[PDB]
Amino acid sequence: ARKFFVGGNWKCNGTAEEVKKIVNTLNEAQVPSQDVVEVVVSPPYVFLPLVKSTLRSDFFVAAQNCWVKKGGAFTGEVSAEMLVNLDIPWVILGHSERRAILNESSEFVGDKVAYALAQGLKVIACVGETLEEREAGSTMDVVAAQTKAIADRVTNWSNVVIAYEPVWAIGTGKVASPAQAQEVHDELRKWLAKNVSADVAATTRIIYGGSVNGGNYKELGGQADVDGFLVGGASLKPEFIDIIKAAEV
Amino acid sequence: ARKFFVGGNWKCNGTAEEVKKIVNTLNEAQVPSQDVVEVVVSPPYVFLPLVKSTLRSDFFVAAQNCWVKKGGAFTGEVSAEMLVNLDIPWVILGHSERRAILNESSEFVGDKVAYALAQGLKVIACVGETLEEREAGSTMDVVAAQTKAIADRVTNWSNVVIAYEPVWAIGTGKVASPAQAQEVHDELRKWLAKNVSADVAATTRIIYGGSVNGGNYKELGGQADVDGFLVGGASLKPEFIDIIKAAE
Ligand code: NA
Ligand code: NA
Ligand code: NA
Ligand code: NA
């Protein structure tokens, strides 16, 4: 069985004082065993050393982004090899905000994933459709195309988690149902089985990155093809511990 | 007289061991007084706390970029308020690599500069033309347009340094002459005098960010409108201390 996965994306938030409070709360948390759930927290770049130095060793740290290739003359960017040097094991790549606001193309995301994996990082690779795409019946075309841009560029899926983000249902007031989430995760896994291998389809975690009303995480987690959550604002709050606890059963 | 200014842009380089070696070499350096030269060092975001905690207190730290507005739902971005919280006093904005590779527009850079200043940061604001623009005779048209996008959004220039980057003469194998540098810096200052004020033109440092061969920084620093340097790869090396010494 795939190990349930909960990632916390802090986004562009945090102060030294807020980080200390979040980390102390996570360090005091009593959650399901390492065998039941894998937990990753993703602070901004400037707090990565602080969080890695202070967080419980059974929770893992992710950067929110890295550069597409080897470092060098790329003012403002952080390379995968820098993250490896700082003992940051994970990175989030292709988040909806970077695809939309920072205009990161599916091919650019794919090249980042492949480079990160080559340096030995583990990757949360994000995909998802807009409202226009959803309403046109294009959800499965769009999610398969974003996944194919990554698949075409990687040589190994072992250290990849895919995060599905229904962009129309993230902080818009619209919420996708469990059935809607299950349908996309099932079709995506079926895509991996036909286009990469049955083994990769069976072993790759596909986590849900859509907005969820309080108390509705266990109904989503219990869907057959949903393997956990990529969490936004709740990752800054004690509620994140209740999302980790949804891994139980 | 405007105080000579030397910025060191590490770009996307560094490891914890390399950072320790660069910072130790800077800390042992014997350079002209604080009255003669202002020195700023700019590591990647992940080394900002480490460099600020270990660097000599008379050298200052800059981030290489920040976000255009208040933080929030901007995965992978670092806000100006985050830099203030970590006591990072400077930021580089509009670097040629961000305008070219990351497609940052003049208006985007302008909005960043205005936001950074509003949070109390000091800004190295970068401008510069491409090969095609230079060959067309458009250098000053382009540099004035980039500067206008910032001027239109900024009321107080006290905490701004302008860096001119001849993009065609940065790691291309082409080296711009001191006369080419002085011509752009003079015409940019004349633009500032007409479009902001005589006082802002007189007091704003305009530093040079073009490639320079070893031993040739004093010929550039002694130009009337060149107030220092924004340094690339030499900022990782002992040579950076020889560039600060050009202030004498
Ligand atoms: Na499940
Ligand atoms: Na470009
Ligand atoms: Na002049
Ligand atoms: Na001078």
# chains A, B, ... in the order shown; residues from 1 in each chain; ligands from 1
>>> residues_near_ligand(ligand="ligand 3", cutoff="10 Å", atoms="only C-alpha atoms and all ligand atoms", output="short mmCIF file (atom, residue, chain, number, x, y, z; two decimals) with C-alpha atoms, in the first residue's frame")
data_model
loop_
_atom_site.label_atom_id
_atom_site.label_comp_id
_atom_site.auth_asym_id
_atom_site.auth_seq_id
_atom_site.Cartn_x
_atom_site.Cartn_y
_atom_site.Cartn_z
CA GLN B 182 31.14 57.27 -18.43
CA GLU B 183 28.90 58.28 -21.41
CA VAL B 184 25.92 56.25 -20.09
CA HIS B 185 26.41 57.33 -16.45
CA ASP B 186 26.70 61.03 -17.48
CA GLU B 187 23.58 60.91 -19.71
CA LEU B 188 21.58 58.96 -17.05
CA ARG B 189 22.50 61.53 -14.38
CA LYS B 190 21.49 64.34 -16.82
CA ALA B 201 21.03 63.67 -9.76
CA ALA B 202 23.88 65.14 -7.62
CA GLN B 223 35.31 58.53 -14.15
CA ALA B 224 33.30 61.59 -13.08
CA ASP B 225 29.84 59.87 -13.11
CA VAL B 226 30.90 56.34 -12.01
#
>>> residues_near_ligand(ligand="ligand 2", cutoff="9 Å", atoms="only C-alpha atoms and all ligand atoms", output="short mmCIF file (atom, residue, chain, number, x, y, z; two decimals) with C-alpha atoms, in the first residue's frame")
data_model
loop_
_atom_site.label_atom_id
_atom_site.label_comp_id
_atom_site.auth_asym_id
_atom_site.auth_seq_id
_atom_site.Cartn_x
_atom_site.Cartn_y
_atom_site.Cartn_z
CA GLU B 97 19.39 38.16 -15.63
CA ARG B 98 15.88 38.65 -14.10
CA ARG B 99 14.80 41.08 -16.90
CA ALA B 100 16.13 38.71 -19.64
CA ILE B 101 15.71 35.11 -18.34
CA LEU B 102 12.81 35.62 -15.92
CA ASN B 103 11.07 38.27 -18.14
CA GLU B 104 10.70 40.92 -15.40
#
>>> residues_around(residues="stretch 154-165 of chain A", least_positions_apart="4", cutoff="7 Å", atoms="only C-alpha atoms", output="ChimeraX atom specification")
/A:114,122-128,150,200,204-210,230
>>> closest_residue(among="B:43, B:166, B:32, B:76", to="chain A", atoms="only C-alpha atoms")
B:76
>>> residues_near_ligand(ligand="ligand 1", cutoff="6 Å", atoms="only C-alpha atoms and all ligand atoms", output="number ranges by chain")
A: 221-227
>>> write_last_selection(atoms="N, CA, C and O atoms", output="short mmCIF file (atom, residue, chain, number, x, y, z; two decimals), in the first residue's frame")
data_model
loop_
_atom_site.label_atom_id
_atom_site.label_comp_id
_atom_site.auth_asym_id
_atom_site.auth_seq_id
_atom_site.Cartn_x
_atom_site.Cartn_y
_atom_site.Cartn_z
N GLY A 221 -9.43 11.52 2.07
CA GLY A 221 -8.29 10.61 2.29
C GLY A 221 -8.68 9.15 2.05
O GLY A 221 -7.88 8.35 1.67
N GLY A 222 -9.94 8.82 2.38
CA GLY A 222 -10.44 7.44 2.24
C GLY A 222 -10.79 7.04 0.81
O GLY A 222 -11.10 5.93 0.58
N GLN A 223 -10.72 7.96 -0.16
CA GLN A 223 -10.95 7.62 -1.58
C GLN A 223 -9.79 6.70 -2.04
O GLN A 223 -8.68 6.88 -1.65
N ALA A 224 -10.08 5.78 -2.94
CA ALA A 224 -9.15 4.71 -3.36
C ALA A 224 -7.87 5.28 -3.98
O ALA A 224 -6.83 4.72 -3.76
N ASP A 225 -7.97 6.36 -4.75
CA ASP A 225 -6.78 6.86 -5.49
C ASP A 225 -6.25 8.17 -4.88
O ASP A 225 -5.36 8.77 -5.49
N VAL A 226 -6.77 8.62 -3.73
CA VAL A 226 -6.22 9.77 -2.98
C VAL A 226 -5.29 9.30 -1.88
O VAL A 226 -5.74 8.61 -1.01
N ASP A 227 -4.04 9.72 -1.92
CA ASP A 227 -2.95 9.25 -1.01
C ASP A 227 -2.53 10.31 0.00
O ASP A 227 -1.52 10.14 0.65
#
>>> interface_residues(of="chain A", to="chain B", cutoff="9 Å", atoms="only C-alpha atoms", output="ChimeraX atom specification")
/A:9-16,43-50,63-66,70-79,81-83,85-86,92,95-98,101-102,232-233
>>> write_last_selection(atoms="N, CA and C atoms", output="short mmCIF file (atom, residue, chain, number, x, y, z; two decimals), in the first residue's frame")
data_model
loop_
_atom_site.label_atom_id
_atom_site.label_comp_id
_atom_site.auth_asym_id
_atom_site.auth_seq_id
_atom_site.Cartn_x
_atom_site.Cartn_y
_atom_site.Cartn_z
N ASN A 9 2.42 23.58 2.70
CA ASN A 9 3.00 24.68 1.89
C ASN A 9 2.69 26.01 2.58
N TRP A 10 3.67 26.59 3.23
CA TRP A 10 3.50 27.82 3.99
C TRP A 10 3.29 29.01 3.03
N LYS A 11 3.73 28.89 1.78
CA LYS A 11 3.67 29.96 0.79
C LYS A 11 4.57 31.10 1.27
N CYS A 12 4.27 32.33 0.83
CA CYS A 12 5.06 33.54 1.15
C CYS A 12 4.58 34.10 2.48
N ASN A 13 4.81 33.36 3.56
CA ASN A 13 4.41 33.74 4.92
C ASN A 13 5.50 33.37 5.89
N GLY A 14 5.62 34.17 6.95
CA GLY A 14 6.50 33.80 8.05
C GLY A 14 7.41 34.91 8.49
N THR A 15 7.71 34.86 9.78
CA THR A 15 8.66 35.70 10.54
C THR A 15 9.45 34.76 11.43
N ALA A 16 10.59 35.17 11.98
CA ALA A 16 11.34 34.28 12.86
C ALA A 16 10.44 33.88 14.03
N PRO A 43 8.70 25.81 4.24
CA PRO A 43 8.79 27.24 4.52
C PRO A 43 9.44 28.02 3.38
N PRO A 44 9.33 29.37 3.36
CA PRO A 44 10.12 30.16 2.43
C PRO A 44 11.63 29.90 2.56
N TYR A 45 12.36 30.22 1.47
CA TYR A 45 13.78 29.92 1.39
C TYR A 45 14.56 30.42 2.61
N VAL A 46 14.25 31.65 3.03
CA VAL A 46 15.04 32.37 4.08
C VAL A 46 14.90 31.62 5.42
N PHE A 47 13.86 30.78 5.62
CA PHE A 47 13.65 30.06 6.89
C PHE A 47 14.02 28.59 6.75
N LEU A 48 14.54 28.14 5.59
CA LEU A 48 14.83 26.71 5.43
C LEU A 48 15.86 26.22 6.43
N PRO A 49 17.03 26.91 6.62
CA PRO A 49 18.00 26.41 7.61
C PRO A 49 17.37 26.40 9.02
N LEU A 50 16.63 27.43 9.39
CA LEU A 50 16.03 27.54 10.74
C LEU A 50 15.09 26.40 10.99
N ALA A 63 11.79 22.83 0.10
CA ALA A 63 11.74 24.16 -0.55
C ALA A 63 10.47 24.31 -1.39
N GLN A 64 10.02 25.54 -1.57
CA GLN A 64 8.80 25.85 -2.37
C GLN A 64 9.07 25.92 -3.89
N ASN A 65 10.31 25.86 -4.29
CA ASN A 65 10.77 26.01 -5.69
C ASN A 65 12.27 25.75 -5.72
N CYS A 66 12.83 25.49 -6.91
CA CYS A 66 14.28 25.61 -7.17
C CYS A 66 14.48 25.95 -8.64
N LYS A 70 21.80 23.72 -13.30
CA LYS A 70 22.96 24.02 -12.44
C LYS A 70 23.00 25.52 -12.15
N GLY A 71 23.46 25.85 -10.94
CA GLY A 71 23.62 27.24 -10.55
C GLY A 71 24.65 27.95 -11.38
N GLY A 72 24.82 29.22 -11.10
CA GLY A 72 25.64 30.10 -11.95
C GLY A 72 24.99 31.49 -11.96
N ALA A 73 24.96 32.09 -13.12
CA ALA A 73 24.54 33.48 -13.35
C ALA A 73 23.03 33.61 -13.43
N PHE A 74 22.34 33.34 -12.31
CA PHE A 74 20.86 33.32 -12.21
C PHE A 74 20.47 34.09 -10.95
N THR A 75 20.70 35.39 -10.98
CA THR A 75 20.48 36.26 -9.81
C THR A 75 19.05 36.03 -9.24
N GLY A 76 18.94 35.77 -7.94
CA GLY A 76 17.69 35.55 -7.23
C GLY A 76 17.23 34.12 -7.15
N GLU A 77 17.83 33.19 -7.87
CA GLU A 77 17.37 31.78 -7.91
C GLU A 77 18.19 30.92 -6.94
N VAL A 78 17.61 29.81 -6.53
CA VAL A 78 18.23 28.85 -5.57
C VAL A 78 18.34 27.51 -6.30
N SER A 79 19.52 26.95 -6.43
CA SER A 79 19.72 25.69 -7.22
C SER A 79 19.39 24.46 -6.39
N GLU A 81 21.27 21.91 -6.09
CA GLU A 81 22.53 21.48 -5.37
C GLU A 81 22.67 22.28 -4.08
N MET A 82 22.21 23.54 -4.03
CA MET A 82 22.20 24.35 -2.79
C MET A 82 21.31 23.69 -1.74
N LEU A 83 20.12 23.23 -2.13
CA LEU A 83 19.18 22.57 -1.22
C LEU A 83 19.84 21.28 -0.67
N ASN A 85 23.00 20.69 -0.41
CA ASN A 85 24.11 21.12 0.49
C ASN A 85 23.57 21.45 1.87
N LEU A 86 22.36 22.03 1.98
CA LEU A 86 21.69 22.41 3.23
C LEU A 86 20.88 21.27 3.83
N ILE A 92 8.88 21.44 -3.74
CA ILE A 92 7.61 21.61 -4.47
C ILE A 92 7.89 22.31 -5.83
N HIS A 95 3.79 24.44 -8.69
CA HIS A 95 2.61 24.93 -7.96
C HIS A 95 1.77 25.83 -8.87
N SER A 96 0.45 25.73 -8.70
CA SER A 96 -0.48 26.54 -9.53
C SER A 96 -0.12 28.02 -9.52
N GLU A 97 0.32 28.58 -8.37
CA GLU A 97 0.67 30.03 -8.31
C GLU A 97 1.85 30.35 -9.22
N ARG A 98 2.85 29.45 -9.28
CA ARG A 98 3.99 29.69 -10.18
C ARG A 98 3.64 29.47 -11.66
N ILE A 101 0.97 32.92 -12.03
CA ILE A 101 1.50 34.30 -11.76
C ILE A 101 2.88 34.46 -12.36
N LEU A 102 3.72 33.41 -12.20
CA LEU A 102 5.11 33.46 -12.70
C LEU A 102 5.25 32.80 -14.07
N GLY A 232 -2.49 24.29 2.03
CA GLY A 232 -2.08 25.69 1.96
C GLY A 232 -2.10 26.39 3.33
N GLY A 233 -3.06 27.32 3.53
CA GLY A 233 -3.01 28.17 4.75
C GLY A 233 -3.10 27.36 6.05
#
>>> select_by_dssp(residues="stretch 4-242 of chain A", states="strand (DSSP E)", output="ChimeraX atom specification")
/A:4-9,37-42,60-63,90-93,122-127,160-164,206-208,228-231
>>> write_last_selection(atoms="N, CA and C atoms", output="compact mmCIF listing (two decimals), in the first residue's frame")
# COMPACT_ATOMS: atom_id res chain seq x y z
N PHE A 4 0.48 7.15 3.17
CA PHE A 4 -0.30 8.41 3.16
C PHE A 4 0.72 9.57 3.33
N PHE A 5 0.55 10.68 2.62
CA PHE A 5 1.50 11.78 2.53
C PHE A 5 0.81 13.09 2.81
N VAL A 6 1.31 13.89 3.76
CA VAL A 6 0.71 15.23 4.04
C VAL A 6 1.81 16.26 3.92
N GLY A 7 1.66 17.18 2.96
CA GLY A 7 2.61 18.26 2.77
C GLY A 7 1.98 19.59 3.16
N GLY A 8 2.75 20.42 3.81
CA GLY A 8 2.33 21.75 4.26
C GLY A 8 3.10 22.84 3.55
N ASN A 9 2.42 23.58 2.70
CA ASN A 9 3.00 24.68 1.89
C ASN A 9 2.69 26.01 2.58
N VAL A 37 2.14 7.51 7.96
CA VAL A 37 2.09 8.84 7.32
C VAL A 37 3.46 9.45 7.21
N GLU A 38 3.69 10.11 6.07
CA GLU A 38 4.93 10.84 5.74
C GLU A 38 4.59 12.33 5.70
N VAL A 39 5.24 13.15 6.52
CA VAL A 39 4.92 14.58 6.70
C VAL A 39 6.02 15.48 6.20
N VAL A 40 5.69 16.46 5.37
CA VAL A 40 6.68 17.40 4.77
C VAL A 40 6.14 18.81 4.98
N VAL A 41 7.01 19.71 5.48
CA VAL A 41 6.63 21.14 5.71
C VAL A 41 7.54 21.99 4.84
N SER A 42 6.97 23.06 4.24
CA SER A 42 7.66 23.83 3.19
C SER A 42 7.65 25.32 3.55
N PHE A 60 9.77 16.20 7.60
CA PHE A 60 10.81 16.53 6.60
C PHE A 60 10.56 17.94 6.07
N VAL A 61 11.59 18.54 5.54
CA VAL A 61 11.54 19.93 5.01
C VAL A 61 11.60 19.94 3.48
N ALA A 62 10.78 20.84 2.90
CA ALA A 62 10.77 21.08 1.44
C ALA A 62 10.99 22.54 1.13
N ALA A 63 11.79 22.83 0.10
CA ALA A 63 11.74 24.16 -0.55
C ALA A 63 10.47 24.31 -1.39
N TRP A 90 13.34 17.68 0.16
CA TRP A 90 12.15 17.79 -0.73
C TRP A 90 12.12 19.15 -1.43
N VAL A 91 11.42 19.20 -2.54
CA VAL A 91 11.05 20.49 -3.22
C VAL A 91 9.64 20.36 -3.81
N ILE A 92 8.88 21.44 -3.74
CA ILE A 92 7.61 21.61 -4.47
C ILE A 92 7.89 22.31 -5.83
N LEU A 93 7.40 21.66 -6.90
CA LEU A 93 7.64 22.18 -8.28
C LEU A 93 6.31 22.24 -9.03
N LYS A 122 13.78 14.84 -3.52
CA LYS A 122 12.42 14.26 -3.68
C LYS A 122 11.49 15.40 -4.07
N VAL A 123 10.54 15.14 -4.96
CA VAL A 123 9.73 16.19 -5.62
C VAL A 123 8.27 16.00 -5.38
N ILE A 124 7.58 17.06 -4.91
CA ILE A 124 6.10 17.18 -5.03
C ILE A 124 5.81 17.93 -6.32
N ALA A 125 5.39 17.19 -7.35
CA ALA A 125 5.14 17.78 -8.68
C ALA A 125 3.65 18.09 -8.84
N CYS A 126 3.34 19.37 -9.05
CA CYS A 126 1.93 19.85 -9.00
C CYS A 126 1.38 19.99 -10.40
N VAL A 127 0.12 19.55 -10.58
CA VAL A 127 -0.65 19.66 -11.85
C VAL A 127 -2.05 20.17 -11.50
N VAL A 160 9.07 10.81 -6.58
CA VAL A 160 8.04 11.79 -7.02
C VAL A 160 6.74 11.52 -6.31
N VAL A 161 6.12 12.57 -5.78
CA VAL A 161 4.69 12.62 -5.36
C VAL A 161 3.97 13.61 -6.30
N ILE A 162 2.85 13.22 -6.87
CA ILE A 162 2.05 14.15 -7.69
C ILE A 162 0.94 14.80 -6.86
N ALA A 163 0.83 16.12 -6.93
CA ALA A 163 -0.21 16.88 -6.23
C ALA A 163 -1.19 17.39 -7.27
N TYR A 164 -2.46 17.01 -7.15
CA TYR A 164 -3.53 17.52 -8.05
C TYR A 164 -4.21 18.75 -7.41
N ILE A 206 -0.51 10.14 -5.20
CA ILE A 206 -1.22 11.28 -5.83
C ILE A 206 -2.02 11.94 -4.72
N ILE A 207 -1.59 13.11 -4.28
CA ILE A 207 -2.17 13.83 -3.12
C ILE A 207 -3.10 14.95 -3.65
N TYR A 208 -4.06 15.32 -2.85
CA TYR A 208 -5.12 16.30 -3.24
C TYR A 208 -4.73 17.68 -2.71
N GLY A 228 -3.26 11.40 0.14
CA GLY A 228 -2.94 12.46 1.11
C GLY A 228 -3.28 13.83 0.53
N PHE A 229 -2.58 14.87 1.10
CA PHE A 229 -2.95 16.28 0.89
C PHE A 229 -1.73 17.15 0.73
N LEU A 230 -1.83 18.13 -0.19
CA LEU A 230 -0.95 19.30 -0.18
C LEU A 230 -1.76 20.45 0.37
N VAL A 231 -1.39 20.92 1.54
CA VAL A 231 -2.18 21.86 2.34
C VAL A 231 -1.60 23.27 2.15
>>> residues_near_ligand(ligand="ligand 4", cutoff="10 Å", atoms="only C-alpha atoms and all ligand atoms", output="ChimeraX atom specification")
/B:1-4,182,205-207,218-228,247
>>> atom_distance(atom1="atom CA of residue A:119", atom2="atom CA of residue A:67")
11.8 Å
>>> closest_residue(among="B:156, B:177, B:25, B:33", to="residue B:123", atoms="only C-alpha atoms")
B:156
>>> select_by_dssp(residues="stretch 21-143 of chain B", states="helix (DSSP H, G or I)", output="NGL selection string")
:B and (21-28 or 45-54 or 80-85 or 96-100 or 106-118 or 131-135 or 139-143)
>>> residues_around(residues="stretch 236-242 of chain B", least_positions_apart="2", cutoff="9 Å", atoms="only C-alpha atoms", output="list in words")
residues 6, 8, 9, 10, 13, 14, 18, 19, 22, 25, 26, 29, 30, 31, 214, 215, 217, 231, 232, 233, 234, 244, 245 and 246 of chain B
>>> write_last_selection(atoms="C-alpha atoms", output="CSV table (one decimal), in the first residue's frame")
chain,number,residue,atom,x,y,z
B,6,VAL,CA,30.8,48.4,-4.1
B,8,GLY,CA,29.0,42.0,-4.6
B,9,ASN,CA,26.3,39.8,-6.3
B,10,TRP,CA,27.1,36.2,-5.6
B,13,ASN,CA,26.4,30.2,-6.1
B,14,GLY,CA,27.5,29.0,-2.7
B,18,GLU,CA,32.2,28.2,0.6
B,19,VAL,CA,30.1,30.9,2.4
B,22,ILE,CA,34.2,34.0,1.6
B,25,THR,CA,38.3,36.4,3.9
B,26,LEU,CA,36.0,39.5,4.0
B,29,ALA,CA,40.2,42.3,4.8
B,30,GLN,CA,41.8,45.8,5.5
B,31,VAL,CA,40.0,48.3,3.2
B,214,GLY,CA,41.7,42.4,-13.6
B,215,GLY,CA,43.6,45.5,-12.6
B,217,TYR,CA,38.7,49.0,-11.8
B,231,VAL,CA,30.4,43.0,-9.1
B,232,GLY,CA,29.5,39.4,-10.3
B,233,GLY,CA,31.8,36.4,-10.1
B,234,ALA,CA,34.8,38.4,-8.5
B,244,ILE,CA,36.7,47.8,-2.8
B,245,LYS,CA,40.3,49.2,-2.6
B,246,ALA,CA,39.6,51.0,-5.9
>>> atom_distance(atom1="atom CA of residue B:150", atom2="atom CA of residue B:7")
20.1 Å
>>> residues_around(residues="residue B:127", least_positions_apart="5", cutoff="10 Å", atoms="only C-alpha atoms", output="compact mmCIF listing (two decimals) with N, CA and C atoms, in the first residue's frame")
# COMPACT_ATOMS: atom_id res chain seq x y z
N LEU B 93 17.29 44.73 -7.26
CA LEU B 93 16.05 44.64 -8.04
C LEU B 93 16.32 44.94 -9.51
N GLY B 94 15.70 44.20 -10.41
CA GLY B 94 15.79 44.45 -11.85
C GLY B 94 17.10 43.99 -12.48
N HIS B 95 17.84 43.10 -11.83
CA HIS B 95 19.10 42.57 -12.38
C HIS B 95 18.87 42.09 -13.82
N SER B 96 19.82 42.34 -14.70
CA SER B 96 19.72 41.97 -16.13
C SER B 96 19.30 40.53 -16.34
N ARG B 99 15.53 40.42 -15.78
CA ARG B 99 14.80 41.08 -16.90
C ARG B 99 14.81 40.17 -18.13
N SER B 106 9.83 46.38 -17.00
CA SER B 106 10.25 47.66 -16.36
C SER B 106 9.26 48.06 -15.29
N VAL B 109 9.57 45.72 -12.20
CA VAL B 109 10.73 46.18 -11.41
C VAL B 109 10.39 47.46 -10.67
N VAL B 142 16.58 53.23 -23.98
CA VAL B 142 16.23 52.04 -23.18
C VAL B 142 16.50 52.32 -21.71
N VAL B 143 17.67 52.80 -21.36
CA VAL B 143 18.07 53.08 -19.95
C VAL B 143 17.16 54.16 -19.38
N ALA B 144 16.83 55.21 -20.14
CA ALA B 144 15.89 56.26 -19.66
C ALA B 144 14.51 55.66 -19.44
N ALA B 145 14.00 54.79 -20.32
CA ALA B 145 12.68 54.15 -20.20
C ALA B 145 12.63 53.26 -18.93
N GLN B 146 13.71 52.49 -18.70
CA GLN B 146 13.75 51.62 -17.51
C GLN B 146 13.72 52.48 -16.26
N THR B 147 14.52 53.54 -16.25
CA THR B 147 14.62 54.47 -15.10
C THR B 147 13.31 55.23 -14.90
N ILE B 162 21.55 53.26 -8.31
CA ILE B 162 21.29 52.75 -9.68
C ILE B 162 22.55 51.99 -10.17
N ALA B 163 22.35 50.77 -10.68
CA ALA B 163 23.45 50.00 -11.31
C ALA B 163 23.20 49.93 -12.81
N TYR B 164 24.14 50.42 -13.62
CA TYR B 164 24.06 50.28 -15.08
C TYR B 164 24.79 48.99 -15.52
N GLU B 165 24.06 48.18 -16.26
CA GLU B 165 24.54 46.87 -16.78
C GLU B 165 24.52 46.91 -18.30
N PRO B 166 25.67 47.03 -18.98
CA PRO B 166 25.71 46.84 -20.44
C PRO B 166 25.60 45.34 -20.71
N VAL B 167 24.40 44.85 -21.02
CA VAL B 167 24.11 43.38 -21.01
C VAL B 167 24.99 42.67 -22.06
N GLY B 209 28.06 47.93 -13.67
CA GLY B 209 27.94 46.47 -13.61
C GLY B 209 28.41 45.72 -14.81
>>> atom_distance(atom1="atom CA of residue B:61", atom2="atom CA of residue B:108")
23.2 Å
